[PDB]
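Here is entry.txt, consisting of compact mmCIF, C-alpha atoms and all ligand atoms:
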```txt
# COMPACT_ATOMS: atom_id res chain seq x y z
CA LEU Y 1 141.39 94.52 94.94
CA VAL Y 2 142.78 97.37 97.04
CA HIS Y 3 144.78 100.35 95.73
CA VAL Y 4 146.29 102.35 98.54
CA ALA Y 5 147.37 105.94 97.80
CA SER Y 6 151.12 106.31 98.37
CA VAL Y 7 152.46 109.85 98.31
CA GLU Y 8 155.39 110.36 95.85
CA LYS Y 9 158.34 110.18 98.21
CA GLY Y 10 158.91 113.43 100.05
CA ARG Y 11 156.48 115.46 97.99
CA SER Y 12 154.06 118.07 99.32
CA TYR Y 13 151.60 120.68 98.10
CA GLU Y 14 154.43 122.93 96.81
CA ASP Y 15 155.62 120.19 94.45
CA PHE Y 16 152.15 119.57 93.00
CA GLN Y 17 151.44 123.29 92.55
CA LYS Y 18 154.64 123.44 90.46
CA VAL Y 19 153.26 120.65 88.25
CA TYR Y 20 149.89 122.44 88.08
CA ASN Y 21 151.70 125.65 87.10
CA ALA Y 22 153.65 123.86 84.38
CA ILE Y 23 150.48 122.43 82.91
CA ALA Y 24 148.71 125.77 83.18
CA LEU Y 25 151.55 127.70 81.56
CA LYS Y 26 151.62 125.19 78.66
CA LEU Y 27 147.84 125.51 78.30
CA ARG Y 28 148.39 129.25 77.83
CA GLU Y 29 151.29 128.81 75.43
CA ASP Y 30 149.86 126.13 73.10
CA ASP Y 31 146.79 128.21 72.15
CA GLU Y 32 146.36 127.19 68.49
CA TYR Y 33 145.38 123.58 69.02
CA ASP Y 34 142.04 122.51 67.54
CA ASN Y 35 141.23 125.81 65.85
CA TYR Y 36 142.24 127.81 68.87
CA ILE Y 37 140.24 125.89 71.44
CA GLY Y 38 143.54 124.95 73.09
CA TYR Y 39 144.17 121.80 75.12
CA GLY Y 40 141.86 122.42 78.00
CA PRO Y 41 138.89 120.36 76.84
CA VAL Y 42 140.90 117.35 75.68
CA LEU Y 43 142.72 117.24 79.04
CA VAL Y 44 139.32 117.12 80.83
CA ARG Y 45 138.20 114.32 78.51
CA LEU Y 46 141.50 112.54 79.17
CA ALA Y 47 141.04 112.73 82.96
CA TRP Y 48 137.53 111.36 82.57
CA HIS Y 49 138.45 108.53 80.26
CA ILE Y 50 141.33 107.29 82.43
CA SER Y 51 138.92 107.31 85.42
CA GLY Y 52 135.80 106.06 83.63
CA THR Y 53 137.16 102.57 83.14
CA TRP Y 54 136.49 101.87 86.82
CA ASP Y 55 134.20 99.03 87.85
CA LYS Y 56 132.92 99.34 91.43
CA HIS Y 57 132.22 95.60 91.52
CA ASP Y 58 135.83 94.45 91.44
CA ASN Y 59 137.84 97.71 91.57
CA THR Y 60 139.36 97.11 88.22
CA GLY Y 61 140.18 100.07 85.95
CA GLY Y 62 140.08 103.61 87.42
CA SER Y 63 142.67 106.31 87.58
CA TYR Y 64 145.04 104.73 90.12
CA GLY Y 65 147.23 102.62 87.83
CA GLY Y 66 147.95 105.10 85.01
CA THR Y 67 147.18 102.32 82.55
CA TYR Y 68 146.31 104.64 79.68
CA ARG Y 69 150.09 104.64 78.99
CA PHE Y 70 149.72 101.06 77.69
CA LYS Y 71 148.84 100.31 74.10
CA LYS Y 72 145.61 98.38 74.78
CA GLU Y 73 144.05 101.38 76.53
CA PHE Y 74 145.81 104.10 74.49
CA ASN Y 75 144.30 102.38 71.42
CA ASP Y 76 140.75 101.98 72.70
CA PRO Y 77 138.53 103.38 69.94
CA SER Y 78 136.65 105.24 72.71
CA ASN Y 79 139.92 107.11 73.37
CA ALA Y 80 140.46 108.36 69.84
CA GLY Y 81 141.87 111.88 69.90
CA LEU Y 82 143.13 111.63 73.49
CA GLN Y 83 146.64 111.02 72.22
CA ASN Y 84 146.78 114.78 71.72
CA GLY Y 85 146.33 115.19 75.51
CA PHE Y 86 148.97 112.55 76.17
CA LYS Y 87 151.42 114.34 73.90
CA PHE Y 88 150.67 117.64 75.63
CA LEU Y 89 151.49 116.08 79.01
CA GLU Y 90 154.73 114.35 77.91
CA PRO Y 91 157.01 117.34 78.48
CA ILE Y 92 155.35 117.91 81.84
CA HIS Y 93 156.17 114.30 82.72
CA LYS Y 94 159.71 114.81 81.45
CA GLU Y 95 160.20 117.82 83.72
CA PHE Y 96 158.57 116.09 86.72
CA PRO Y 97 159.40 112.44 86.29
CA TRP Y 98 158.54 111.70 89.90
CA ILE Y 99 154.76 112.21 89.45
CA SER Y 100 152.80 109.05 88.75
CA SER Y 101 150.96 108.66 85.51
CA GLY Y 102 147.54 108.55 87.14
CA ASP Y 103 148.40 111.62 89.20
CA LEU Y 104 149.52 113.49 86.08
CA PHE Y 105 146.47 112.55 83.98
CA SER Y 106 144.01 113.43 86.77
CA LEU Y 107 145.88 116.64 87.67
CA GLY Y 108 145.79 117.68 84.05
CA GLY Y 109 142.02 117.55 84.17
CA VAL Y 110 141.86 119.53 87.41
CA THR Y 111 144.28 122.11 85.98
CA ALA Y 112 142.27 122.45 82.80
CA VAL Y 113 138.94 122.93 84.57
CA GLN Y 114 140.38 125.59 86.89
CA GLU Y 115 142.36 127.49 84.25
CA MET Y 116 139.19 127.51 82.08
CA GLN Y 117 137.52 129.45 84.95
CA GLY Y 118 135.74 126.41 86.34
CA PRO Y 119 135.29 125.54 89.98
CA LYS Y 120 138.16 124.65 92.24
CA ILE Y 121 138.53 120.88 92.28
CA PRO Y 122 140.28 119.43 95.35
CA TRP Y 123 142.85 116.91 94.25
CA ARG Y 124 144.70 114.14 96.12
CA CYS Y 125 148.02 112.65 95.20
CA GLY Y 126 149.25 109.07 95.50
CA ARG Y 127 148.11 107.10 92.52
CA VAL Y 128 150.77 104.46 91.75
CA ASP Y 129 151.64 103.08 88.32
CA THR Y 130 150.58 99.43 88.03
CA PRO Y 131 151.78 96.92 85.44
CA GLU Y 132 150.58 96.37 81.88
CA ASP Y 133 148.48 93.31 82.84
CA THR Y 134 146.28 95.57 85.03
CA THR Y 135 145.14 97.55 81.96
CA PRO Y 136 141.38 97.22 81.54
CA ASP Y 137 139.96 95.84 78.34
CA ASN Y 138 138.32 98.20 75.85
CA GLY Y 139 134.57 98.76 75.97
CA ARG Y 140 134.10 100.18 79.50
CA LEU Y 141 133.52 103.79 78.34
CA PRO Y 142 130.00 104.83 77.31
CA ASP Y 143 128.31 104.94 73.92
CA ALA Y 144 126.88 108.29 72.77
CA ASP Y 145 124.00 106.85 70.70
CA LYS Y 146 121.68 105.69 73.46
CA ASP Y 147 119.04 106.93 75.81
CA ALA Y 148 118.58 108.07 79.37
CA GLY Y 149 118.12 104.57 80.73
CA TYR Y 150 121.40 103.50 79.26
CA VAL Y 151 123.15 106.53 80.73
CA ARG Y 152 121.63 105.91 84.13
CA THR Y 153 122.57 102.21 84.18
CA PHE Y 154 126.01 102.90 82.75
CA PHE Y 155 126.89 105.34 85.51
CA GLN Y 156 125.79 102.99 88.27
CA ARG Y 157 128.99 101.07 87.55
CA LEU Y 158 130.94 104.22 88.46
CA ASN Y 159 128.79 104.68 91.61
CA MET Y 160 127.25 107.89 90.22
CA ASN Y 161 123.65 108.90 90.88
CA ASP Y 162 121.37 111.10 88.78
CA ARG Y 163 122.68 114.45 90.11
CA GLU Y 164 126.27 113.31 89.73
CA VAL Y 165 125.61 112.21 86.15
CA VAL Y 166 123.90 115.41 85.19
CA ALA Y 167 126.61 117.53 86.84
CA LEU Y 168 129.45 115.60 85.18
CA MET Y 169 127.78 115.92 81.77
CA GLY Y 170 128.07 119.69 82.05
CA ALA Y 171 131.67 119.29 80.98
CA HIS Y 172 130.11 119.03 77.50
CA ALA Y 173 130.06 122.79 77.58
CA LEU Y 174 133.72 122.37 76.60
CA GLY Y 175 135.35 121.70 73.28
CA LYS Y 176 133.65 119.76 70.51
CA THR Y 177 133.11 116.44 68.84
CA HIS Y 178 135.30 115.57 65.84
CA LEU Y 179 133.88 113.35 63.12
CA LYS Y 180 137.16 111.41 62.73
CA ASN Y 181 137.32 110.56 66.44
CA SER Y 182 133.75 109.72 67.40
CA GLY Y 183 131.46 110.17 64.36
CA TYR Y 184 129.81 113.29 65.68
CA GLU Y 185 130.16 116.65 64.14
CA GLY Y 186 130.45 119.78 66.15
CA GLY Y 187 131.24 123.38 65.35
CA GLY Y 188 131.83 125.01 68.73
CA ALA Y 189 135.06 126.36 70.06
CA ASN Y 190 134.30 126.84 73.75
CA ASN Y 191 137.11 126.76 76.27
CA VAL Y 192 135.49 128.61 79.24
CA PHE Y 193 133.85 126.40 81.87
CA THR Y 194 130.22 127.55 82.46
CA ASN Y 195 126.76 126.05 82.93
CA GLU Y 196 125.92 126.85 79.22
CA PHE Y 197 125.38 123.11 78.43
CA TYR Y 198 122.18 123.23 80.48
CA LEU Y 199 121.06 126.57 79.08
CA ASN Y 200 121.56 125.34 75.56
CA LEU Y 201 119.66 122.16 76.25
CA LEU Y 202 116.68 124.12 77.52
CA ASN Y 203 116.75 127.12 75.21
CA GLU Y 204 117.65 125.96 71.73
CA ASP Y 205 115.33 124.59 69.08
CA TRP Y 206 116.74 121.10 68.62
CA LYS Y 207 116.33 119.11 65.41
CA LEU Y 208 117.20 115.41 65.14
CA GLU Y 209 119.49 115.13 62.14
CA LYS Y 210 121.96 112.71 60.56
CA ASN Y 211 125.55 113.77 60.30
CA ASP Y 212 128.07 112.81 57.59
CA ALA Y 213 128.96 109.64 59.43
CA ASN Y 214 125.31 108.53 59.22
CA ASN Y 215 124.79 108.98 62.96
CA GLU Y 216 121.96 110.86 64.57
CA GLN Y 217 122.64 113.95 66.64
CA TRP Y 218 120.55 116.92 67.74
CA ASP Y 219 121.38 120.21 66.03
CA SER Y 220 120.10 123.77 66.42
CA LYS Y 221 119.59 126.57 63.93
CA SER Y 222 122.13 128.59 65.90
CA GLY Y 223 124.81 125.98 65.19
CA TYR Y 224 124.86 124.05 68.48
CA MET Y 225 124.81 120.26 68.85
CA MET Y 226 123.95 117.60 71.35
CA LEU Y 227 124.73 113.91 71.44
CA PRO Y 228 121.79 111.55 71.84
CA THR Y 229 123.04 110.90 75.41
CA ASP Y 230 123.23 114.64 76.07
CA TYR Y 231 119.67 115.17 74.84
CA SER Y 232 118.49 112.29 76.98
CA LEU Y 233 118.98 114.56 80.00
CA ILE Y 234 115.90 116.54 78.92
CA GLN Y 235 113.88 113.48 77.74
CA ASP Y 236 113.95 111.82 81.19
CA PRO Y 237 111.93 113.72 83.80
CA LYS Y 238 114.33 113.13 86.67
CA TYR Y 239 117.33 114.37 84.68
CA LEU Y 240 115.28 117.27 83.34
CA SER Y 241 114.63 118.62 86.90
CA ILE Y 242 118.39 118.66 87.54
CA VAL Y 243 119.16 120.28 84.17
CA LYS Y 244 116.79 123.07 85.08
CA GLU Y 245 118.47 123.43 88.46
CA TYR Y 246 121.88 123.87 86.98
CA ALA Y 247 120.61 126.18 84.24
CA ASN Y 248 119.35 128.43 86.96
CA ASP Y 249 122.15 128.27 89.48
CA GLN Y 250 125.77 128.56 88.26
CA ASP Y 251 127.21 128.26 91.76
CA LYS Y 252 125.28 125.04 92.52
CA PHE Y 253 126.44 123.60 89.32
CA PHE Y 254 130.06 124.48 90.08
CA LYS Y 255 129.86 122.98 93.57
CA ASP Y 256 128.21 119.73 92.44
CA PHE Y 257 130.58 119.36 89.45
CA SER Y 258 133.58 119.85 91.72
CA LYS Y 259 132.38 117.12 94.10
CA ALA Y 260 131.45 114.67 91.28
CA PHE Y 261 134.65 115.23 89.33
CA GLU Y 262 136.89 114.74 92.36
CA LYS Y 263 134.89 111.59 93.16
CA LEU Y 264 135.29 110.32 89.58
CA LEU Y 265 139.05 110.92 89.73
CA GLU Y 266 139.32 109.16 93.10
CA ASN Y 267 137.10 106.15 92.52
CA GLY Y 268 139.01 102.96 93.37
CA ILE Y 269 141.58 104.60 95.65
CA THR Y 270 141.94 103.92 99.34
CA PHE Y 271 143.42 106.89 101.16
CA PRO Y 272 145.18 106.11 104.49
CA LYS Y 273 143.83 107.85 107.61
CA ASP Y 274 147.01 109.91 107.79
CA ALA Y 275 147.16 110.78 104.03
CA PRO Y 276 147.48 114.52 103.33
CA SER Y 277 144.27 116.43 102.99
CA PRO Y 278 143.18 117.23 99.45
CA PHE Y 279 145.08 120.02 97.76
CA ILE Y 280 143.35 123.11 96.34
CA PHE Y 281 145.69 124.63 93.78
CA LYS Y 282 145.81 128.28 92.98
CA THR Y 283 145.27 129.30 89.37
CA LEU Y 284 147.97 131.20 87.48
CA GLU Y 285 145.70 134.25 87.74
CA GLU Y 286 145.51 133.90 91.55
CA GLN Y 287 149.29 133.71 91.73
CA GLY Y 288 149.86 136.69 89.39
CA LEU Y 289 151.68 134.39 86.90
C1 LIG Y 301 127.32 109.35 78.62
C2 LIG Y 301 128.52 109.87 78.85
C3 LIG Y 301 129.38 110.53 77.82
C4 LIG Y 301 129.43 110.29 76.50
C5 LIG Y 301 128.59 109.28 75.71
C6 LIG Y 301 130.42 111.18 75.96
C7 LIG Y 301 130.73 111.26 74.64
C8 LIG Y 301 131.58 112.19 74.07
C9 LIG Y 301 132.00 112.25 72.68
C10 LIG Y 301 131.38 111.36 71.58
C11 LIG Y 301 132.90 113.22 72.54
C12 LIG Y 301 133.59 113.68 71.27
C13 LIG Y 301 135.01 113.10 71.15
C14 LIG Y 301 135.64 113.61 69.89
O1 LIG Y 301 135.00 113.42 68.82
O2 LIG Y 301 136.75 114.23 69.93
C15 LIG Y 301 133.11 113.79 73.87
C16 LIG Y 301 133.92 114.82 74.14
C17 LIG Y 301 134.14 115.42 75.35
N1 LIG Y 301 133.68 114.92 76.54
FE1 LIG Y 301 132.30 113.46 76.77
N2 LIG Y 301 130.97 111.93 76.99
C18 LIG Y 301 130.38 111.52 78.16
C19 LIG Y 301 130.65 112.05 79.40
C20 LIG Y 301 131.64 112.97 79.66
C21 LIG Y 301 132.10 113.29 81.00
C22 LIG Y 301 131.56 112.62 82.26
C23 LIG Y 301 133.03 114.27 80.88
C24 LIG Y 301 133.91 114.87 81.94
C25 LIG Y 301 133.42 115.32 83.13
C26 LIG Y 301 133.27 114.49 79.47
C27 LIG Y 301 134.06 115.46 78.92
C28 LIG Y 301 134.20 115.68 77.58
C29 LIG Y 301 134.94 116.80 77.04
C30 LIG Y 301 135.59 117.92 77.80
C31 LIG Y 301 134.90 116.60 75.56
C32 LIG Y 301 135.53 117.57 74.54
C33 LIG Y 301 136.89 117.07 74.11
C34 LIG Y 301 137.52 117.90 73.00
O3 LIG Y 301 137.04 119.00 72.69
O4 LIG Y 301 138.49 117.36 72.39
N3 LIG Y 301 132.38 113.75 78.76
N4 LIG Y 301 132.32 113.05 74.79
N1 LIG Y 302 130.42 121.40 72.90
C1 LIG Y 302 129.49 120.33 73.03
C2 LIG Y 302 128.12 120.59 72.97
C3 LIG Y 302 127.23 119.54 73.13
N2 LIG Y 302 127.65 118.26 73.28
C4 LIG Y 302 129.00 117.95 73.26
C5 LIG Y 302 129.42 116.59 73.40
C6 LIG Y 302 130.77 116.33 73.45
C7 LIG Y 302 131.69 117.38 73.35
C8 LIG Y 302 131.29 118.69 73.22
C9 LIG Y 302 129.90 118.98 73.15
```

What is this file in C-alpha cells?
Ligand code: HEM
Ligand SMILES: Nc1ccnc2ccccc12
Amino acid sequence: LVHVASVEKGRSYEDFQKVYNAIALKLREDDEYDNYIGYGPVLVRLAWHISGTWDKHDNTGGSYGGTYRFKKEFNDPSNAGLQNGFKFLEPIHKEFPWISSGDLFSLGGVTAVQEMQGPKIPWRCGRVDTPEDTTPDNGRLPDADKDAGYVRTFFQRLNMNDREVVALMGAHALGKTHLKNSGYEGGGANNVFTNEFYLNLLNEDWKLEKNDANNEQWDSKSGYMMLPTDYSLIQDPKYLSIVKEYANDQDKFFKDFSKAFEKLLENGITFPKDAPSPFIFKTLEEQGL
C-alpha cells in the first residue's frame, strides 16, 4: 500500500506559513481552554494520535489519509478529548479549505510545539484525504497501564527505536491527563515545551498510588504525576540512560524530538524525488506578529 505525497495544487511555503500563522494566532487568542493551558498540548496529542495508528507491516493507518475526520476514528476511546483539538482546527480548515486533513492535523502539532517554544520541526506537505473505508480500526494506540517491554514492543510497529521512544515521550511535559478522558488524574498546567519530563522523572520522589478511577499512577509530594508507561522509562536500564541524557542536555533533546516527531508525522508517506524540501516555519515571535 503506497501513499504518494501530492502537493495541494499550486501551493508553496508562503501558503503553509499562512496556515501556520492562523493556527498560531488562534492558539494565542483562545487562552482560557483547559484552565488556561490553551490548545497547544491537545494539538500535539492530536498530531500524534492521527499518526500513531500507522502499521509499518502493511502501511495502514498513519497521518496521510486524514481519517480522524471519520466517526470510527473520531470515536476511538483512545481519542477521547481530541475533539477539542478538532473543533479548534475547524475554522482554520474553513479559512483554508484547500489544505488536506492530514496536513492540517500534522501542521497543528508542528505549530503547537514551535509556538510553545519547542524545537523547529521540519514539515512536509502533500497528505491526501482517503475514503472512509481506509479508516483504521480502534485499538492501535497504546495503553498507559503497562511496562517498558510493552512500550518497546508497541513502538516497533511505528518503526521507533529506544531513543526515538524516549524523545517522543518528552511531549508529556505538556498539558495533563483528565480523569474523564483517560482515567488518569493530573494537576499540571504546563504549556511551554522543555525537557522537564526527564528532570521530573529523575528528581521527584514518586509514590505508586491509585487514583479515583481505580487506576495506578505515580505521584509526587510536589504534585506531579507519571503514567505507568512514563515511569517505565526509569525502570528499564536502556531507557534510563536516555532519560538521563535528555535531562542533562536540552539541545540534544530538542534535536532528537524534532527528528522523531517529523518521522512520526511522515510515517507511511512516499515523497517523490522532486517533492519540495521540508518547510521550516517561522514562529509568530520570529515574524514580529
Ligand atoms: C506509550 C505511549 C503513550 C501513552 C500510553 C500516552 C498516554 C497519554 C494519556 C493517558 C494522556 C491523557 C489524555 C487525557 O486524559 O486527556 C496523554 C496525553 C498527552 N500525550 Fe500521551 N501517551 C503516549 C505517548 C505520547 C506521544 C508519543 C506524544 C507526542 C509526541 C504524546 C503527547 C501527549 C500530550 C501533549 C498530552 C497532553 C494532552 C492534553 O493536555 O490535553 N503522548 N497521553
Ligand atoms: N504533564 C504530564 C506529566 C506526566 N505525564 C503526563 C502524561 C500525559 C500527559 C501529561 C503528563

Ref. answer, residues at most 8 Å from (146.6, 117.1, 83.9) with all atoms listed in the file, as a PyMOL selection string: chain Y and resi 20+23+43-44+47+89+103-112

Site check for ligand LIG 301 (chain Y): residues at most 6 Å away, all atoms listed in the file, as a ChimeraX atom specification: /Y:41-42,44-45,48,81,142-144,151,168-169,171-172,174-179,181-182,229

Among the residues Y:10, Y:281, Y:228, Y:131, the one that comes closest to residue 150 in chain Y [using only C-alpha atoms]: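 Among the listed residues, Y:228 lies closest to residue 150 in chain Y.
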
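Restricting the calculation to all atoms listed in the file, the smallest distance between residue 160 in chain Y and any of Y:263, Y:18, Y:1, Y:8 is found for Y:263.
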
Nearby residues (all atoms listed in the file) at most 8 Å from residue 247 in chain Y, same-chain spacing under 2 positions excluded, as JSON, numbers by chain: {"Y": [195, 196, 198, 199, 243, 244, 245, 249, 250]}

Residue among Y:37, Y:19, Y:158, Y:264 lying closest to ligand LIG 302 (chain Y), counting all atoms listed in the file: Y:37

Got a sec to check which residues sit within 10 Å of (153.7, 103.5, 78.8), counting all atoms listed in the file, and write them as a PDB file with C-alpha atoms, in the frame of the given file?
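New file out29.pdb:
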```pdb
ATOM      1  CA  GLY Y  66     147.950 105.100  85.010  1.00  0.00           C
ATOM      2  CA  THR Y  67     147.180 102.320  82.550  1.00  0.00           C
ATOM      3  CA  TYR Y  68     146.310 104.640  79.680  1.00  0.00           C
ATOM      4  CA  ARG Y  69     150.090 104.640  78.990  1.00  0.00           C
ATOM      5  CA  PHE Y  70     149.720 101.060  77.690  1.00  0.00           C
ATOM      6  CA  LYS Y  71     148.840 100.310  74.100  1.00  0.00           C
ATOM      7  CA  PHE Y  74     145.810 104.100  74.490  1.00  0.00           C
ATOM      8  CA  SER Y 101     150.960 108.660  85.510  1.00  0.00           C
ATOM      9  CA  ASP Y 129     151.640 103.080  88.320  1.00  0.00           C
ATOM     10  CA  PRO Y 131     151.780  96.920  85.440  1.00  0.00           C
ATOM     11  CA  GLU Y 132     150.580  96.370  81.880  1.00  0.00           C
TER      12      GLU Y 132
END
```

For CA of residue 268 in chain Y and CA of residue 60 in chain Y, the interatomic separation in Å (one decimal):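 Separating CA of residue 268 in chain Y from CA of residue 60 in chain Y is a distance of 7.8 Å.
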